[PDB]
């Protein structure tokens, strides 16, 4: 596939997440913004990479549907989130964020929606606690990146720019946390509609 450039940040077509050794391709990328006082403040640029094997898996079930169709289909993105393949997310900050600011916002989203499905055990709370522990002292100037590998486990890595380090920072062995992080971005209530549309556009075409 092709590379994508989002808000002056470049996402190449392939990456090598640090922990894994599988091949990944850029499924899509998009900005993430919030609405404050009449203005859409763009905070991050998100790149969603998928393991190569995701194309045959998704091609079987989502072939013959237009990009417009896939964007609305909620089960299409749930398959991207939960499929039996690795996912890698790059979150590059457009505006500066502290790790506490980032993890707290990640935290409530993940905890509340887990209460939606009545799957919130005391284990996920421990996963959340570790997640917050990873981010506690981190700071993320413009251009720095938060890297997530979602594996059938969540691997967390940090970079001061857009490059991928050779060694992660932490691994959290929880399947729901690893999935929630990605759901919070490209899910039904996903904070990056633009990443969803990029994913819809690029994967449907790949299915051809």
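Positions refer to the first chain, counted from 1.
Unmodelled residues of the deposited sequence between residue 142 and residue 143: none, the chain being continuous. Higher average CA B factor: 130 to 138, of the stretches 130 to 138 and 87 to 95.
Stretches compared: 34 to 42, 143 to 151. Higher mean C-alpha B-factor in the entry: 34 to 42.
The PDB entry assigns its highest CA temperature factor, among 192, 20, 14, 198, to 20. Across the residues 51, 178, 157, 66, the deposited record lists the maximum Cα B factor for 66.
The entry lists a Cα temperature factor for residue 59 that places it in the highest third of the chain's modelled residues. Ranked by Cα temperature factor within the chain, residue 182 sits in the middle third according to the deposited record.
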